[PDB]
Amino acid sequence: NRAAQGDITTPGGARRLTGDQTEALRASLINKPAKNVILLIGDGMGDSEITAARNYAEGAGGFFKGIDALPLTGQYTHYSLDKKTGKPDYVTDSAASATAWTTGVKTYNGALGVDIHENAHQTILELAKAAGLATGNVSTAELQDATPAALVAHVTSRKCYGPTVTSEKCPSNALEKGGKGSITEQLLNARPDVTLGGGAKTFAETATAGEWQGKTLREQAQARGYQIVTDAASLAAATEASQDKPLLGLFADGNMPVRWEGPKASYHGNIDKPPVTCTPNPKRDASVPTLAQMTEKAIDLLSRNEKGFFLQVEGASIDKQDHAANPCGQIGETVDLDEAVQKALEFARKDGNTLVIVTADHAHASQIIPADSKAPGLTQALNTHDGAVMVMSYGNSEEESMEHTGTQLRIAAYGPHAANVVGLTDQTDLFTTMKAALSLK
């Protein structure tokens, strides 16, 4: 437990530590190989996002049972590259950062699974599958979005979701030009044991060449032996996932609906509007599985493989709500990731042979600022679990979408080989860390 231990008005009362940690940390250091690796990504979940979500949902002196309970912690860098010159670009997008940890190569903003020369590099999922490990790719975004797509697709622009855009924007990747295909075509070739998220929209496009030309991508997936589930009940009813019968979960046309709702932040919103209590998203239905449900089911089905498994889990809309200057949307998706981390840690503690890693692809806009601030951007006051007011601020864009930020951010881990996230590391180290933990050549 790392909650405040007592009365925070008294000496010692706000300590998170009960005593010396050296021996416990010593025991947390395990050099043996990992049998399984679970990587959980909060898109845009920098330290500010964690801190704001903790303050709101757990209180300042509270504790995230998942996100905050991983004992080995460091900071890593996620800068990308300018495509033409190869020099650093200090603020990455989602595609170049995912490429970094899935392949170990830096690349340009928007690239998926290729380097600045447009050369494809093998991903951690492809390597694990080549060694006979089971593989899983779970997200609350559309499955074609950068973060899950990077594990399975190699294209020159993250926009190349299906055949139609790929033909126009990634012509060397287009199937009718001899390429590997759109992101969705390449997903279906990669064939993870378990693929769960949104993005049904693109599966109604039809292939332009190949053995399944004329068919919709959904028809292709059906014909190639995928079992398709579409809601929480059908997901719960799945009992196996394998290369013979891979599980594909398509739970929404686009991204799946976020959990919480609130007003967008506004100019002088902390001043001229009352404090906010987050409420449920009315678009959110219980027929749609939560991130925790798909994480627990993925772990269940992947753990039947005797050689072990690799699973990536993305809480994807932390970032997208941060872009839209919506603190309630953003915080809710961070609470949502915490519930998934809890599922991974619960499995990993009883298993004893699982490396769990929790981090973000890059940092984002939101800032915690004083309640009486007069700021030039969008702000909002929130009623927290402490019974106090917190103000969040989005101050780095005058356009519709807030910007990513370049700050280094927390990476945390539990289990074998977790020591390799401590100190200052780079996002491309994370690839090598998971390759080595799983003993992959």
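Don't overthink the numbering: it's just position in the shown sequence, from 1.
Relative to its counterpart among 207 to 215 and 157 to 165, 207 to 215 has the higher mean temperature factor, C-alpha atoms as listed in the PDB entry.
For the segment pair 130 to 138 and 331 to 339, the entry gives 130 to 138 the higher mean B-factor, averaged over Cα atoms. Highest CA B-factor among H78, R224, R304, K201, as stated in the entry: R304. Taking the deposited Cα B-factors for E400, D47, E58, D68, the highest one is held by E400. Sorting the modelled residues of the chain by their CA temperature factor places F309 in the middle third. Ranked by Cα temperature factor within the chain, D145 sits in the middle third according to the deposited record.
In the PDB entry, a CA B factor belonging to the highest third of its chain's modelled residues is recorded for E240. Among the modelled residues of its chain, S172 has a C-alpha B-factor that falls in the highest third according to the deposited record. Annotation for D89: C-alpha temperature factor in the lowest third relative to the rest of the modelled chain, per the entry.
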